[PDB]
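Asker: Following this: a sequence and the matching experimental structure.
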There are 4 protein chains.
Amino acid sequence: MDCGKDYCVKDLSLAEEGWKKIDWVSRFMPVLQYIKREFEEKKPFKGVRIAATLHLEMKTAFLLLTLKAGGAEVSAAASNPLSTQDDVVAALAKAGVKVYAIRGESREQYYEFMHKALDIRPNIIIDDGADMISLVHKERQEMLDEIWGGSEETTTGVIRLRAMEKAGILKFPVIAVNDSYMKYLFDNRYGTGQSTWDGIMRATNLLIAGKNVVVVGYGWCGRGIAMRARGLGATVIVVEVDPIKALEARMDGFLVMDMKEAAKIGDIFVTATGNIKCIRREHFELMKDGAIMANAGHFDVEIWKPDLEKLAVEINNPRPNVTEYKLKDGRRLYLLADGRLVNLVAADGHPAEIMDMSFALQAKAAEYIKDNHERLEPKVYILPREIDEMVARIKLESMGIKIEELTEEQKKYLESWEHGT
Amino acid sequence: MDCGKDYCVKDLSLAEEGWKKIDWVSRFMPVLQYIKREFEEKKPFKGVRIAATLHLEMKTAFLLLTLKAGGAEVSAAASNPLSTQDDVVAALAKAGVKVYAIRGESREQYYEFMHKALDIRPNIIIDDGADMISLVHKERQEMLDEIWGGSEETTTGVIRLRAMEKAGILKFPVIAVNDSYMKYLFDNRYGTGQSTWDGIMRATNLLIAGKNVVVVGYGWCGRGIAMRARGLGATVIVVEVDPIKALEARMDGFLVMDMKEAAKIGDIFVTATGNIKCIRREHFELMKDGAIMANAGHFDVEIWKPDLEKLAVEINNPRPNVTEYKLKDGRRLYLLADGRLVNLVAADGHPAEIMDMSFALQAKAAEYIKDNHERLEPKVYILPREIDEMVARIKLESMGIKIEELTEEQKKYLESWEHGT
Amino acid sequence: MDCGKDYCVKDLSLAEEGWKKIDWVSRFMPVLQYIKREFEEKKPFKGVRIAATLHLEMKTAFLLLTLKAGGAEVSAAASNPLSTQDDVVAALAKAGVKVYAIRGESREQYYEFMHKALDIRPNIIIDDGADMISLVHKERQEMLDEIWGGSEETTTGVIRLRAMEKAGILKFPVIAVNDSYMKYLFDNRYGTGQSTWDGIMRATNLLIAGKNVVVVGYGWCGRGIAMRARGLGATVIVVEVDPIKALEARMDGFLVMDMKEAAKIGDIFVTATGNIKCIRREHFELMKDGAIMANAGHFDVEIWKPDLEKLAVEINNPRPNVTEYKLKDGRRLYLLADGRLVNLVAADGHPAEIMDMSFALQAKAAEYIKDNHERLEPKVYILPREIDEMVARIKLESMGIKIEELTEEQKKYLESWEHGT
Amino acid sequence: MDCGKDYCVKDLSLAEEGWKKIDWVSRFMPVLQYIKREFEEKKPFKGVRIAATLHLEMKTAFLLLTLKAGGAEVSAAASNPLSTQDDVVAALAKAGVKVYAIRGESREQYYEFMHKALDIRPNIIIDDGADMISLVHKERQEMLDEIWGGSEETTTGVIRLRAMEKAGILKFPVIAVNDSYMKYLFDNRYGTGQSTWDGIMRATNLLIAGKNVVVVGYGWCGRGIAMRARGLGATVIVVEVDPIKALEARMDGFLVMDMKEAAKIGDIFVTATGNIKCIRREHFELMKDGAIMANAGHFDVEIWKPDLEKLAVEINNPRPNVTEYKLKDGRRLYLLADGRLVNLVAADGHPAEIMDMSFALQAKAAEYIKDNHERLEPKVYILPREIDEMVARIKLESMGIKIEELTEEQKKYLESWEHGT
Ligand SMILES: NC(=O)c1ccc[n+]([C@@H]2O[C@H](COP(=O)([O-])OP(=O)(O)OC[C@H]3O[C@@H](n4cnc5c(N)ncnc54)[C@H](O)[C@@H]3O)[C@@H](O)[C@H]2O)c1
Ligand SMILES: NC(=O)c1ccc[n+]([C@@H]2O[C@H](COP(=O)([O-])OP(=O)(O)OC[C@H]3O[C@@H](n4cnc5c(N)ncnc54)[C@H](O)[C@@H]3O)[C@@H](O)[C@H]2O)c1
Ligand SMILES: NC(=O)c1ccc[n+]([C@@H]2O[C@H](COP(=O)([O-])OP(=O)(O)OC[C@H]3O[C@@H](n4cnc5c(N)ncnc54)[C@H](O)[C@@H]3O)[C@@H](O)[C@H]2O)c1
Ligand SMILES: NC(=O)c1ccc[n+]([C@@H]2O[C@H](COP(=O)([O-])OP(=O)(O)OC[C@H]3O[C@@H](n4cnc5c(N)ncnc54)[C@H](O)[C@@H]3O)[C@@H](O)[C@H]2O)c1
Ligand SMILES: O=c1[nH]cnc2c1ncn2[C@@H]1O[C@H](CO)[C@@H](O)[C@H]1O
Ligand SMILES: O=c1[nH]cnc2c1ncn2[C@@H]1O[C@H](CO)[C@@H](O)[C@H]1O
Ligand SMILES: O=c1[nH]cnc2c1ncn2[C@@H]1O[C@H](CO)[C@@H](O)[C@H]1O
Ligand SMILES: O=c1[nH]cnc2c1ncn2[C@@H]1O[C@H](CO)[C@@H](O)[C@H]1O
């Protein structure tokens, strides 16, 4: 309703509560605070314009204000129509961030707002899922030479960007922030493990313990979801298409079976494949009455909703973020968060300390593009490992943890080859 | 304020949303559904009057409607001023339950409303914390002879009632529902373990993994909170006064230390003692900046608020359910949910499937008083174990689990002595 | 071969290695060391004669030498023909303990040696499984009036003694050492959890992780076996006849099914029921090729060997403590330790620190009978809880652990009833 | 000493018991059985000569017999003097494998025997630790041109060989078997995790629950040892020099601290660094009386023995595989297995099912060298991932596990970029 040239938000008067959310989580993001203190002294982004597509909650807002405190002019659009937190977005507009996002946006508004954030003519694109980078190449080619580079936050976006590189139609360098150690080993695994179950408990008020929990995919996200489910008392069943990862899951104490077999016995289904149609018609037909389904991957195509809609004679909404599909035989299957990332739609996303480390890497990626975009080709690059090591050492210092250091004798010993028995 | 002779609630128009919540959780309470079916067929509480003091959310409402469906006239009052959900109690008033409760109500309203609930002149009293049973004994002795018996839901209430029995002031029989196997082994341990971290994550959006979590008390709630804290990645420290339970915690993999030593290193403190002043001035003086404190016990006297108030130079409110106490040296200590039951005040309480089991026991305890009050004494009794076994068997059938049965040969072997080596 | 009036052992020349085993574990039994220091100063067992039936390994030997250091004259027979460690027993004979035990004893030698230990005419009988107490009543009635009392170490023996009491034919008081908190919460649960898997790994050199482990019984032993199996990476399936314990196992994250269903899928079967014929013919007929079976209960009647012998066309012994039953269709099923307690026959029994606490209670039980046998009836008694608390406090002191103490205000608060909201 | 031109073993009569052990573990090695079947049908190593340096127990023997069954002439030498099992190597000599190994052999015999194994003039060298590959390069250059290539089994050996490649002294290609997915993710983590505690329990008979377990190194072995220590009830502390891995350990629930601080509080220390002098004088000076030390790394230089010797006033041997170092103040520190690979020297090594996977990779690496040596360079290569996938798929079939397969639609989606929101 408060919609103009410089922003489009639901209600500017929600800003006071948004500021409190941003201030609260920033108390627990020491790595990004450390970087912000530097950005304020050196203003490395003076004159630089930055367009961002991220999940617009209070940790994201602190990243954007950090970039703004480094002197950047910043625009923002939502990365998912339903992950936007309206009060936080109101606070970003009052701060001078050109943010275009209303929670519950239509698909068309999603793209209209993404285009409005692009109007800033960014030198740097910060993206989560690669929609903005894809949109620039497909509908806004008039500004590619202005773009120094982009960065991509999540696995599904990195896969899209690499296919763009393979097809030769990527036109500027992108940093695969998702591919950094301090990202996928912590965000994808520990962050999703906690916040997926946070979201599922919040939407349902159901018991995890003594449930058959079916985790589809045992990559970084899935093994984190499986680890925390087990930690909450569930019997965990893992579905994989990779035989090495299936054996890993067995060795971790989990049942491994295929999707039809898992569909007969699961109580709670969570998808984390990054793929399309992992759960479709013939799986829904086998599910027990009252089964709960949730998706943790980036796009809502992992649980195939049109198959659910075709099976159902009634579609009801008994709770916020719970869609009920009632089948011909009377069975009711429940889909959480409309099949979209359950941690960000039913809850508050990853915890503050996790996003601290991811978004610290995003800030260093943006600084990396600024400094090196002339040396880079239109390809997908990974940040140098020294940036991972810097982030880890700042985190450990803020926890009061001191680790052993290699002695010079040890350094020589590991580089040598004559010291056998 | 919508308050007639029959009810007193915040806002009757909220009732539609309370019904949805009640309908939702009831789909996942099979044991109580099974009991509700029989109560509707046989009407065993026809002409019986029941007054309840419970935490007034969804699952409590389904219990109260189950009793009413069995013929009972039911009155209800809050067990904690801040656990009440205003939309659920609006639905209960519309349904004919004489409920007197407003979220946030004053202590004076808490007791005024408890008296209004008692105006029904009950035959059975269902209590959570033993205030209502204590109130009849202190201010409403004119209806003691009408009361068949009471039932107590929680560990703190059972302790009070056995102290009343030891003192000779208990005037009618009391069923200690908390002492049933199907209660304290499931509700107190598995329920509290999950819902305590539900509430803490909900209030703070902070990471549990890699935190020092201090759990005070290693009784049934304490070991549940510890089990799930560990399941979520935390390093757990247990503080106990019972030496056997301290050893149990060690063997279970936890650090054990006293409260001063734990105060210096904890990031998150959770009390589960049912005692007074477990965490007090000298502990607050030792905690790290940004320590987070939560109480899982029934009364908010475990973390001693007045000592935080005396220590503080400012008291701020950065989030819902987060009080900030700022000390002279700039440290900020955070108290969740005002030091009250964090699972019920910052979240939705125990999961539906847990309360299904607890409240099935409450329904049966009410039936047990109806059928046995004429041959019970003014003492504290425990439900016969056949009822625990019935609740467990109904729950197992609803899960599709079929267990082995003792053969006659095995029963005779277990009662013999001549079959050694 | 070295067999006389005062002892019967395999080889006296093994004593030097037995002494080393006894000295080693005694370094890690501080509670029994504490008690031994007292026994040496007060000699409370001067003139007292003690007959013991225990598993004759090096922790048991230290208990017996502790009793001897208190001035007791001590005899000993094995509690299982196959748990005796010949070198330890040689060391006991050189110390003056009248020990009659050879590893691999026949059933008849087992009883002939048990009778020889009885020839001491004991005032106190220390028993594990209740064979000696049963033998005295059935074949050695000429010495009952000399016997002050007995104590019983394990669950299966306590069940036998209580049936003896119910039949009115128990003739002296017995202490149910197994029923003490510091016994079944630690020995039965944590001790058996570790040492069962110790024994199974040692006999087989097989991988626990990624196996279907079927635990029969979820009492104290079974839940300890299940907990450690899961900790070693196994998928754990629990078989129970108690619906409450079955639900507990579900809530702990384990699969629960009946024995036929478990027999089709288990890779490793462990029995811990204390019952007869939990695994019999129609379970063996469903087992996968190469299934491994082990028993942790006291008697070898839990896995019904005669059904295995009838099914097999060849019975082979591919490894020590592995019996191979080859079936008509070519399947091979492996029974460990001849179906006898796998932790004590395939390995070294419970770890030293666990037996420290159990055998400390056994020493205090013997001292309890000495001091109170005149006040006691021919019944089964449990040690007073103060002895449990003493043992726990000595253990905690030896670990360097200090616990919180209740303040006087807290003591009053927990005994009060007027402090509600 | 039974030593001809063709073998040198302790005692040929032990062979019957070695065969039983070999036959036993082979029943549980399905992947290697599958490969053995093909090797016998196709005889791909006919006329090929193979020299191996491995830990000579049962599973190693089945690998060597598998190679021989494929037509190979096989020689073998010990990878560690104290990991050799004299009965197994007796069976290998009887079978025609030219094995030169005695348990406890001197360092001079270790190298003499390695030279005897090399007297076969091998075409393929299979190594564990890279001594044999290092020995050919330093003392036996007269057969470098006959050698097709070598394979390295372990992390320490791969480090040495890549240092030889970086220095230009490597003269023939080398397969880093340790770097295969089906190796380091299973062998190094799950295998070492189980067999390290197998060996420690076997040597000490002490309780793991409620101990402070210090794990030095959080690589693949270290995190396996930590995972299973926690699974057995211990409080685990990780010591690392890598800051990312330190953070991983925290998030996994473990305390992280440096080695001096961990030295003061550990009860059990386990090194898994592959480095030198991780635990040294100043740490021994800080440890508690009765601390137990064990090494899981390939060379016994992680716990620095000479510093214990200088600190000690007595060195005693209270148990097999337990050295006692008594210090001036009476403290006794215990070193297990002489500081060598505790799983192999104090127990039976990794479980059969783990070595099945590792040694299946060795068999295929030997086949890979046979088929590709004419187009490889003097470099360190990793086996193609198709072989890892083949090993994992054979293992899954033998477990009865059927996993889902990527549809063609899913493969095309994973390679597209236009399908966003
Ligand atoms: N906050 C969040 O919810 C969050 C955080 C990080 C990543 N993600 C999203 O999660 C998804 C994956 O994250 P990752 O980092 O785990 O990817 P990853 O590639 O490590 O794991 C993907 C796994 O899915 C498996 N898989 C693919 N199709 C499958 C199928 N049909 N059945 C079973 N298994 C299948 C693959 O074998 C692979 O192991 C992506 O969409 C990523 O964007 C979400
Ligand atoms: N939040 C919920 O929904 C929920 C659920 C069940 C019970 N409860 C409440 O939780 C509390 C405990 O329930 P329980 O069933 O665990 O009781 P319990 O007696 O099982 O456990 C209490 C433990 O606290 C220990 N303790 C007492 N004072 C202590 C101190 N000063 N320092 C350290 N340890 C101390 C005691 O030794 C005892 O082991 C009660 O108030 C009960 O009503 C709350
Ligand atoms: N060192 C050891 O190996 C060791 C240590 C302590 C006790 N024990 C022995 O272990 C056995 C039990 O020990 P406890 O203390 O666990 O007994 P417990 O009674 O706590 O557990 C016994 C369980 O077995 C279950 N059960 C009985 N028959 C069953 C059946 N047919 N199928 C499935 N479950 C069945 C019962 O429901 C009960 O829960 C006894 O024989 C005891 O002597 C051995
Ligand atoms: N016992 C077995 O059967 C077995 C099995 C596999 C590997 N290994 C041996 O175990 C060792 C490690 O194997 P990996 O595969 O774990 O190696 P790796 O490199 O995965 O892990 C080594 C870790 O040690 C850490 N580290 C190095 N020096 C350290 C120090 N001074 N203090 C603390 N941490 C330190 C490094 O940071 C690294 O993370 C190697 O020697 C390998 O050959 C033994
Ligand atoms: O609370 C959050 N704020 C911002 N980004 C988040 C939060 N939680 C997860 N992600 C990010 O969302 C991506 C999936 O689209 C993941 O890569 C994750 O890093
Ligand atoms: O969601 C809930 N509804 C009703 N009661 C609850 C819920 N969660 C916990 N308790 C109950 O509160 C008592 C402590 O005062 C506990 O006994 C528990 O059974
Ligand atoms: O190492 C040991 N020494 C002596 N007794 C033991 C050991 N391990 C277990 N038990 C005891 O054996 C009983 C079963 O018959 C159990 O009660 C246990 O306490
Ligand atoms: O039982 C075994 N037999 C043969 N090799 C083994 C066994 N257990 C571990 N290793 C191997 O020893 C190497 C360290 O030197 C590890 O790489 C591991 O694969």
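Answerer: Ah, there it is. Numbers count the residues shown, from 1 in each chain, chains lettered A, B, ... in the order given. Ligands and ions are numbered 1, 2, ... in the order given.

Asker: just so I have it, where are all the helices in the stretch 101-250 of chain A?
Answerer: Here the stretch 101-250 of chain A has its helices, by DSSP state H, counting those that start in this stretch, at A:107-118, A:131-139, A:155-166, A:181-183, A:192-204, A:220-231, A:243-251.

Asker: so who does residue A:61 touch?
Answerer: Contact partners of residue A:61, counting by CB atoms under 8 Å, 6 or more residues apart in numbering or on different chains, are A:18, A:21, A:22, A:88, A:89, A:91, A:92, A:97. The C-beta positions use only the backbone N, C-alpha and C, and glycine is treated the same way.

Asker: which of the residues you listed lies closest to residue D:202?
Answerer: Nearest to residue D:202 among the contacts of residue A:61 is residue A:21, at 55.2 Å by CB to CB.

Asker: Not including adjacent chain positions, what is the nearest residue to the closest one?
Answerer: residue A:58 (3.9 Å; CB to CB, 6 or more residues apart in numbering or on different chains).

Asker: Phi and psi next, for that neighbour.
Answerer: Residue A:58 has phi and psi values of phi -80, psi -30 when expressed as degrees, to the nearest 10.

Asker: so it makes contact with residue A:85?
Answerer: Yes: in this structure residue A:58 lies within contact range of residue A:85 using CB atoms under 8 Å: 6.8 Å.

Asker: So for these two, which residues contact both of them?
Answerer: Contacts common to residue A:58 and residue A:85, judged by CB under 8 Å, 6+ apart, are A:18, A:21, A:348.

Asker: Taking chain A, what residue is nearest to ligand 3?
Answerer: residue A:210 (17.8 Å; CB to the nearest ligand atom).

Asker: which ones are touching that residue?
Answerer: A:233, A:234, A:235, B:353, B:399, C:247, C:250, C:251, C:253.

Asker: Pull the number of nearby residues for the second one.
Answerer: Yep, that's residue A:234 we're talking about. By other CB atoms under 10 Å in any protein chain shown, the residues close to residue A:234 number 26.

Asker: Tell me how many other residues surround the closest residue to it other than its chain neighbours.
Answerer: Nearest residue to residue A:234, sequence neighbours excluded (CB to CB, 6+ apart): residue A:213, at 4.0 Å. Neighbours of residue A:213 under the rule other CB under 10 Å: 27.

Asker: close enough to count as contact, residue A:213 and residue A:239?
Answerer: No: between residue A:213 and residue A:239 there is no contact, the gap being 11.4 Å when judged by CB under 8 Å.

Asker: Tell me the one among the contacts of residue A:61 nearest to residue B:420.
Answerer: For the contacts of residue A:61, the nearest to residue B:420 is residue A:21 (69.3 Å; CB to CB).

Asker: Show me which positions of the strand or helix carrying the closest one end up buried.
Answerer: Using DSSP states H and E, the secondary-structure element containing residue A:21 is helix A:15-26. Neighbour-count burial for helix A:15-26 flags A:15, A:17, A:18, A:19, A:20, A:21, A:22, A:24, A:25, A:26 (criterion: 16 or more other CB atoms under 10 Å in any protein chain shown).

Asker: Report the distance from whichever helix or strand comes after it to the chain centre.
Answerer: Using DSSP H and E, the helix or strand that follows helix A:15-26 towards the C-terminus is helix A:30-42. Centroid separation between helix A:30-42 and its chain, computed with CA atoms, centre = their mean, to the nearest Å, is 23 Å.

Asker: With stretch A:320-333 instead?
Answerer: 28 Å.

Asker: next one: stretch A:290-298
Answerer: With CA atoms, centre = their mean, you get 16 Å for stretch A:290-298.

Asker: Any idea which residue of the stretch 1-150 of chain A lies closest to chain D?
Answerer: Residue nearest to chain D within the stretch 1-150 of chain A: residue A:131 (4.5 Å; CB to the nearest CB).

Asker: Chain neighbours aside, what residue packs nearest to that residue?
Answerer: residue D:420 (4.5 Å).

Asker: can you count the residues close to the one you found?
Answerer: With other CB under 10 Å as criterion, residue D:420 counts 19.

Asker: I figured it hits residue A:132, correct?
Answerer: No: at 9.5 Å, residue D:420 does not count as touching residue A:132 under the criterion of CB under 8 Å.

Asker: check contacts around the residue lying closest to residue A:297 once chain neighbours are set aside.
Answerer: Take residue A:297 and drop its neighbours on the chain: the residue closest to it by CB to CB, 6+ apart is residue A:274, 5.0 Å away. For residue A:274, the contact set (CB under 8 Å, 6+ apart) comprises A:155, A:156, A:159, A:217, A:219, A:297, A:298, A:302, D:414.

Asker: switch to 7 Å and redo it
Answerer: A:155, A:156, A:159, A:297, A:298 (CB atoms under 7 Å, 6 or more residues apart in numbering or on different chains).

Asker: Name all residues that make contact with the second one.
Answerer: Remark: with contacts taken as CB under 7 Å, 6+ apart, residue A:156 is in contact with A:129, A:274, A:297, A:298, A:299.

Asker: The residue of the stretch 1-150 of chain A found nearest ligand 8 - how many residues pack around it?
Answerer: As assessed by CB to the nearest ligand atom, ligand 8 sits closest to residue A:31 within the stretch 1-150 of chain A, at 36.4 Å. Residues lying near residue A:31 (other CB under 10 Å) number 25.

Asker: cool, residue A:87 as well?
Answerer: Residue A:87: 22 neighbours (other CB under 10 Å).

Asker: Pull the residues that contact the helix or strand encompassing residue A:344.
Answerer: Following DSSP H and E, one finds residue A:344 within helix A:342-345. Contact with helix A:342-345 is made by A:55, A:80, A:82-83, A:192, A:195-196, A:198-200, A:294-296, A:321, A:336-337, A:349-350, as judged by CB under 7 Å, 6+ apart.

Asker: Buried ones in the very next helix or strand once past it, by neighbour count?
Answerer: Using DSSP H and E, the helix or strand that follows helix A:342-345 in sequence is helix A:352-372. Buried residues in helix A:352-372, defined by neighbour count with 16+ other CB under 10 Å: A:352-370.

Asker: What residues does the closest residue to residue A:279 other than its chain neighbours make contact with?
Answerer: In space, and not counting its chain neighbours, residue A:279 is closest to residue A:303: 4.8 Å by CB to CB, 6+ apart. By CB under 7 Å, 6+ apart, the contact set of residue A:303 is A:271, A:279, A:293, A:295, A:335, A:339.

Asker: List phi and psi for residue A:12.
Answerer: According to degrees, to the nearest 10, residue A:12 has phi -60, psi -30.

Asker: what about it, how many neighbours?
Answerer: 14.

Asker: residues in contact with it?
Answerer: By CB under 7 Å, 6+ apart, the contact list for residue A:12 reads A:2, A:90, A:93, A:94.
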